[PDB]
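Asker: So that we are looking at the same thing, I have put the structure below in structure tokens.
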Amino acid sequence: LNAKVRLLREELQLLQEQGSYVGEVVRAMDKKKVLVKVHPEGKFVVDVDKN
Amino acid sequence: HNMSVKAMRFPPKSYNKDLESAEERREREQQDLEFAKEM
Amino acid sequence: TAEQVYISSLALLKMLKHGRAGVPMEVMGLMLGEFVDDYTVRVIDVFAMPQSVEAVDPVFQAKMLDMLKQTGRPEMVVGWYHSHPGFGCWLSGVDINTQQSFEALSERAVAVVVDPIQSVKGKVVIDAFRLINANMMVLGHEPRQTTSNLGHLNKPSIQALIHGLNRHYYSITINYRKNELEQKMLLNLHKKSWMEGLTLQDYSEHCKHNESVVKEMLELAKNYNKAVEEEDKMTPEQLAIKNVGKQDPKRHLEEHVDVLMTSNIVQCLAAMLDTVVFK
Amino acid sequence: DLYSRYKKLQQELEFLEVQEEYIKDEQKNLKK
Amino acid sequence: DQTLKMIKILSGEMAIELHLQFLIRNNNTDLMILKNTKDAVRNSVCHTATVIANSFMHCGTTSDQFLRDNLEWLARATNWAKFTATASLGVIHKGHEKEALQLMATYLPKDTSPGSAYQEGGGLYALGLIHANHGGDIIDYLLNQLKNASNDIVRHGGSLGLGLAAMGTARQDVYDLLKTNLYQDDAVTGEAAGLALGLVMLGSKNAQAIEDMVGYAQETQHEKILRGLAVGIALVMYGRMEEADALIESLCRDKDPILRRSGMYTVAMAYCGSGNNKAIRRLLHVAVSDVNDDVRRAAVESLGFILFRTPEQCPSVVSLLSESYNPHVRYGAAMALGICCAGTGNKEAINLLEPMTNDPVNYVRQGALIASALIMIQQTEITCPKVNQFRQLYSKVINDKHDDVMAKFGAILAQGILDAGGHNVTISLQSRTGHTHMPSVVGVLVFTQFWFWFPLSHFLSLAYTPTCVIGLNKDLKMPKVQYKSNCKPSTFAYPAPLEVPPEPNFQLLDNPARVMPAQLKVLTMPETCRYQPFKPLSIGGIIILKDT
């Protein structure tokens, strides 16, 4: 129950964090870089997270 | 009904504890927020 | 600098009223009390003025204080307030270019900012800045000796750090000593008449309401039978990614049956709480 | 070994009883 | 002589001068840790943290190098840290008689009298620190210096030092002048006056004073004087075990949150360490049923004071409290573990405080850091392998600019804690006679009040006790005996500063030689020497060695 309320008490904190874009991959290259386009936009190199 | 309600909670132990966030993740989020404060 | 938090109950009620009344502008007004000592100032009365942001004529506040002199206890001008609707309760340039004039009028910087929107029905949002200042680049403020006004409070929001001057201050807390008399006076805002407490509503809509609920329990039973019938091994995580549709088995149950019981039992109980004494 | 074990058993008994009486009222407070 | 016996048994002198001789002979400090902590130069907190830390680690040793290395940085912080520095000068020279008035010759108010009156007020604070639990001419000097005074910015330190010196004495006249000091109805003298009345009336049950202060506690408005009376109510009741029950009931049933915090401190302080279940019932319960955060924190703090007898149950109960939703309750849990096991390192406490440093709330990190500092004290890494791990974690967090300034402030005061007296004095609220050191208890109680006054928690020098067997055959003549040990000499391990770019157990120890209490059972008694201990050697301190 403590766990639950703690999560909810931290809920309004985590919801303060802004949103996350969606993207469509095309291909990747070396040194953990990936080419992804945004949907009506251009193509970005993105470094992948360690997970 | 009361007997079932009592018996529901007797087995499920080993629930560890609460996992709010990670210390590394929280520190990184705070550092990114502070660095983007001018931005 | 543990000298903040001067709030009083009637003041906050008048400020939520005044902010909620005219929402699409930055309203402003004056708040008066007594400078009881250096670390604490008590507020007793608060008032507003009409406007069409702009500073009030001194004549208005002068006659206001003039009649409040005989209206009960005397008053000292202890500061002022404004709103910032839908904002982060932060000091503006217009605010800061009159705050030092207020400081010239009275050194104790009261920079109360109130908001009705983020102040939700449960939690209320206030600030009262203390002349967020940048005179010298190697000093902050004079008292830095406690973590109550420095670390105990929550750290300020990120946007208030952005568009506000980063030398932030202030610690707003209700701090009115929890006056028990008005607390007990207010208490319940939803008490009814005692003779209303024995009412019975009526028996006809009780029965057709029961009839209405029985059909929805039948349909919930059908849905419940199907959902126990599927019994898929797809794992409950993947059961929770396909529950977004109309499927609500056991997702009502309680929401009618106790509503049934609290319909029935009180109608039962009040059926017998008016019998052996009424003849 | 003798005697003192009985006293320490009874000591942790009322200690445990204090925790038991505590757990109810803290549960009642934390729910609301 | 037998005529001079009364002075030898009652004046308490030779304990003080031989402790001084031990620390001035055994001065295993570190010059360079202050230089490491000097890196975080700022105009806000670092000066205060350093000046309390070096005083903590070099208490009573009269070492004038950490302040004599620089002067412009010494006076860089102003108007409260000069007061803290002249406070710390007393802890540097505590337990002395001669070099107290004479070393502050530069810091007389009437010798220079600059625009700053704060440095010239805390000299009396230093004097009260030096001669704490030692009455006499210090009392009369402070009374006469408080006979006439300026506005009360000079009277904070003088009042607190006067309360420090004449604390157990219960002198009438000092209480009389503190009465009119309190009835000034002034904020600045509130901290000056509310503390020292509880200081002087410790356990006296001077019921007139209680009635006067509780009547005063219902009309004033200054927060500072409310805190002063709040700790005075606690410090007037001591160890009665049954008498303050009406008092604690009255202070708990009142609506005033600061007075409820006072009530929690009273039920802590009149019930020193007692395993009274009936007290802990209502105390712990109102630790949860309460609403104000400060009184909740005080209530959960009181558990650490109340469990000296068997302090191993406190981790078991407060482990759950460390996972509470409220950061205030978690912080109180952390400091409760820190103060309950104020002594030998217990693995359960270290394990429970291991994740407590990682919470994203600054003040609960403060509590975790200081609790970690106090649980691991004088530990040679074989008692618990975590000693160097916490030392390097502290070293990591002091030089990080990303953490909150409060947390690093606690870290520098932790380095002050770890190396106290050259690792020779430690925090132990327990004697070897089954009795609690009253001055240690009151010092560690006042030390908890760093929320609201930083130099008020400077009152920790009453808690440090040396851990050293001392040998003395006659009244004054030092012997020359050096005995051995039986266990691993790695229990005798020192920090041994590195600054880098086959095992003997017969560690010979002279008369003023340090020893851990746990090592008191593994010492070698002097058998081949000309001396022999008259009393069997299992207690520390100083023990008779009859000569053959």
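Residue numbers (the deposited numbering), protein chains in the order written: chain C, 52 to 102; chain V, 487 to 525; chain c, 27 to 78, 84 to 310; chain D, 39 to 70; chain U, 320 to 820, 871 to 917. Think of the CB as a built atom: it goes at the ideal place given N, C-alpha and C, for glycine as much as any other residue.
Would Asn-525 (chain U) and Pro-881 (chain U) be called neighbours here (beta carbons separated by less than 8 Å)?
Answerer: The residue you call residue 525 (chain U) lines up with position 206 of the fifth sequence. The residue you call residue 881 (chain U) lines up with position 512 of the fifth sequence. No, the pair does not count as a contact, with Cβ atoms beyond the cut-off.
Asker: For the beta strand (DSSP E) that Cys-660 (chain U) lies in, which residues bound it at each end?
Answerer: One-based indexing of the fifth sequence puts residue 660 (chain U) at position 341. No beta strand (DSSP E) holds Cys-660 (chain U); DSSP gives it neither H nor E.
Asker: Since I believe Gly-195 (chain c) is in contact with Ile-163 (chain c) (beta carbons under 8 Å), could you give me their beta-carbon distance rounded to a whole number of angstroms?
Answerer: Counting from one through the third sequence, the residue named residue 163 (chain c) turns up at place 132. Counting from one through the third sequence, the residue named residue 195 (chain c) turns up at place 164. Right, the Cβ-Cβ distance comes to about 7 Å (below 8 Å), so this counts as a contact.
Asker: Under 8 Å Cβ to Cβ from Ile-913 (chain U), same chain only, skipping five residues before and after it: list those, please.
Answerer: Translated into the one-based positions of the fifth sequence, residue 913 (chain U) becomes position 544. Around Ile-913 (chain U): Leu-791, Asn-792, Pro-902, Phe-903, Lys-904.
Asker: So what does DSSP say about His-183 (chain c), is it helix, strand or coil?
Answerer: On the third sequence, position 152 is the one that residue 183 (chain c) refers to. In the structure shown, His-183 (chain c) sits in a helix (DSSP, three-state: H, G or I).
Asker: When DSSP builds the beta bridges, which residues end up paired with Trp-111 (chain c)?
Answerer: Here residue 111 (chain c) is taken as the residue at index 80 of the third sequence, counted from 1. Answer is c:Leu-56, bridged to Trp-111 (chain c).
Asker: Can you tell me the Cα-Cα spacing of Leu-622 (chain U) and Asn-488 (chain V), whole angstroms?
Answerer: On the fifth sequence, position 303 is the one that residue 622 (chain U) refers to. On the second sequence, position 2 is the one that residue 488 (chain V) refers to. So the two alpha carbons sit approximately 37 Å from each other.
Asker: Nearest by alpha-carbon distance to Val-533 (chain U): which of U:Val-555, U:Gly-522, U:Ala-396 is it?
Answerer: Looking up residue 533 (chain U) in the fifth sequence gives position 214. Of the listed residues, the one whose Cα sits closest to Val-533 (chain U) is U:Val-555.
Asker: Using the three-state DSSP reduction, which class does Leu-779 (chain U) fall into: helix, strand or coil?
Answerer: Along the fifth sequence, one-based indexing puts residue 779 (chain U) at 460. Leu-779 (chain U) falls in the coil class under three-state DSSP.
Asker: Taking contact to mean at least 3 C-beta pairs separated by less than 8 Å, is the segment 678-687 of chain U in contact with the segment 644-658 of chain U?
Answerer: Contact between the segment 678-687 of chain U and the segment 644-658 of chain U is present, because at least three Cβ pairs lie under 8 Å.
Asker: Keeping to the same chain, check which residues put their C-beta closer than 8 Å to that of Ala-618 (chain U); ignore five residues upstream and five downstream.
Answerer: One-based indexing of the fifth sequence puts residue 618 (chain U) at position 299. Excluding residues within five positions, the ones whose Cβ falls inside 8 Å are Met-583, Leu-602, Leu-603, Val-605, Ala-606, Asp-609, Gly-651.
Asker: Determine whether the beta carbon atoms of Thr-745 (chain U) and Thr-786 (chain U) lie at a separation below 8 Å.
Answerer: The residue labelled residue 745 (chain U) in the question sits at position 426 within the fifth sequence. The residue labelled residue 786 (chain U) in the question sits at position 467 within the fifth sequence. Going by C-beta atoms, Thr-745 (chain U) is nearer than 8 Å to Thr-786 (chain U).
Asker: Might you give, ordered along the chain, the residues of its own chain that have their beta carbon closer than 7 Å to the beta carbon of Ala-301 (chain c), omitting 5 neighbours on each side?
Answerer: Within the third sequence, numbered from 1, the residue matching residue 301 (chain c) stands at position 270. The residues are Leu-229, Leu-231.
Asker: Leaving out the 5 sequence neighbours to the left and right, which residues in its chain are closer than 7 Å to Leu-578 (chain U) when beta-carbon positions are compared?
Answerer: For the purposes of this step, residue 578 (chain U) is identified with residue 259 of the fifth sequence, where counting begins at 1. Only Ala-536, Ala-549, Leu-570 meet the Cβ criterion.
Asker: For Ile-296 (chain c), go through chain V and note every residue whose CB falls closer than 7 Å to its CB, in chain order.
Answerer: Stepping through the third sequence from its first residue, residue 296 (chain c) is reached at position 265. Result: empty, since nearest Cβ-Cβ is about 16 Å, beyond 7 Å.
Asker: Just to confirm, are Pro-147 (chain c) and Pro-105 (chain c) a CB contact at a threshold of 8 Å?
Answerer: Walking along the third sequence from the start, residue 147 (chain c) turns up at place 116. Walking along the third sequence from the start, residue 105 (chain c) turns up at place 74. No. Outside cutoff.
Asker: Among all the DSSP beta bridges, which residues are the ones paired with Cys-787 (chain U)?
Answerer: For this step, residue 787 (chain U) is matched to residue 468 along the fifth sequence. U:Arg-883.
Asker: List, in order along the chain, the chain V residues whose C-beta lies closer than 7 Å to that of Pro-679 (chain U)?
Answerer: Residue numbering aside, residue 679 (chain U) sits at position 360 when the fifth sequence is read from its first letter. Chain V residues near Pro-679 (chain U): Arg-512.
Asker: Grouping DSSP H, G and I as helix and E and B as strand, with all else coil, what is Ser-804 (chain U)?
Answerer: For the purposes of this step, residue 804 (chain U) is taken as residue 485 along the fifth sequence, with counting starting at 1. In this structure, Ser-804 (chain U) counts as strand in the three-state DSSP scheme.
Asker: What's the call for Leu-626 (chain U), buried or exposed, on a 16-neighbour Cβ count within 10 Å?
Answerer: Mapped onto the fifth sequence, residue 626 (chain U) falls at position 307. Buried, because 16 or more other Cβ atoms sit within 10 Å of the Cβ of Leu-626 (chain U).
Asker: If you draw a straight line from the alpha carbon of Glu-631 (chain U) to that of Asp-564 (chain U), how long is it in whole angstroms?
Answerer: On the fifth sequence, position 312 is the one that residue 631 (chain U) refers to. On the fifth sequence, position 245 is the one that residue 564 (chain U) refers to. Taking the straight line joining both Cα atoms gives about 27 Å.
Asker: Name the two residues that bound the continuous alpha helix (DSSP H) containing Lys-324 (chain U).
Answerer: To locate residue 324 (chain U), count along the fifth sequence from 1; it is residue 5. Per DSSP, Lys-324 (chain U) belongs to the alpha helix (DSSP H) from 324-329.
Asker: What do you get for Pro-89 (chain c), buried or exposed, if any count of 16 or more other CB atoms within 10 angstroms of its CB means buried?
Answerer: Locating residue 89 (chain c) in the third sequence gives position 58, counting from the first residue. So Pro-89 (chain c) counts as exposed.
Asker: So which residues on chain A does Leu-519 (chain V) lean against when the C-beta distance must stay under 8 Å?
Answerer: Given the protein chain composition of this structure (C, V, c, D and U), no chain A is represented.
Asker: In the DSSP assignment, what residue or residues form a beta bridge with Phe-73 (chain c)?
Answerer: Translated into the one-based positions of the third sequence, residue 73 (chain c) becomes position 47. In the DSSP output, where bridge partners are listed per residue, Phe-73 (chain c) has c:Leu-56.
Asker: So, with DSSP's three-state summary, where would you put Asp-678 (chain U)?
Answerer: Position 359 of the fifth sequence, counting from 1, holds the residue named residue 678 (chain U). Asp-678 (chain U): coil per DSSP, three-state reduction.
Asker: Please classify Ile-458 (chain U): is it buried, with 16 or more other beta-carbons within 10 angstroms of its beta-carbon, or exposed?
Answerer: Translated into positions along the fifth sequence, residue 458 (chain U) becomes position 139. Buried is the call here.
Asker: Using 8 Å as the cut-off, can you tell me whether the segment 349-367 of chain U makes contact with the segment 721-732 of chain U, which would need three or more C-beta pairs spanning the two stretches below that distance?
Answerer: These segments touch.
Asker: To the nearest angstrom, how far is the alpha carbon of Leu-66 (chain C) from that of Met-520 (chain U)?
Answerer: Within the first sequence, residue 66 (chain C) is the residue found at index 15, counting from 1. Within the fifth sequence, residue 520 (chain U) is the residue found at index 201, counting from 1. If I take the Cα positions, the gap works out to 54 Å.
Asker: How long is the line joining the alpha carbons of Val-85 (chain C) and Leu-42 (chain c), rounded to whole angstroms?
Answerer: In the first sequence, the residue the question calls residue 85 (chain C) occupies position 34. In the third sequence, the residue the question calls residue 42 (chain c) occupies position 16. About 52 Å.
Asker: Since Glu-61 (chain C) meets chain V, which of its residues come closer than 7 Å, beta carbon to beta carbon?
Answerer: In the first sequence, the residue the question calls residue 61 (chain C) occupies position 10. Within 7 Å Cβ-Cβ: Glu-506.
Asker: For the segment 378-402 of chain U, enumerate the residues whose C-beta is nearer than 8 Å to any C-beta of chain c, in chain order.
Answerer: Per Cβ criterion, the list reads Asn-398, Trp-399.
Asker: Quick check on this structure: which residue in c:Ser-35, c:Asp-233, c:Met-107, c:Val-53 has the alpha carbon closest to the alpha carbon of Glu-60 (chain c)?
Answerer: Stepping through the third sequence from its first residue, residue 60 (chain c) is reached at position 34. Answer by Cα proximity: c:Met-107.
Asker: Go through its chain and collect everything with a Cβ distance to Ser-435 (chain U)'s Cβ below 8 Å, but skip five positions before and after it.
Answerer: Counting from 1 along the fifth sequence, the entry for residue 435 (chain U) is found at position 116. Within the same chain, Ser-435 (chain U) has close Cβ partners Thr-397, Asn-398, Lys-401.
Asker: DSSP beta-bridge partners for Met-80 (chain C)?
Answerer: As a working mapping, residue 80 (chain C) is identified with position 29 in the first sequence. Answer is C:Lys-84, bridged to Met-80 (chain C).
Asker: Since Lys-215 (chain c) meets chain U, which of its residues come closer than 9 Å, beta carbon to beta carbon?
Answerer: Counting from one through the third sequence, the residue named residue 215 (chain c) turns up at place 184. Those do not exist, as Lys-215 (chain c) stays about 12 Å from chain U at its closest Cβ, beyond 9 Å.
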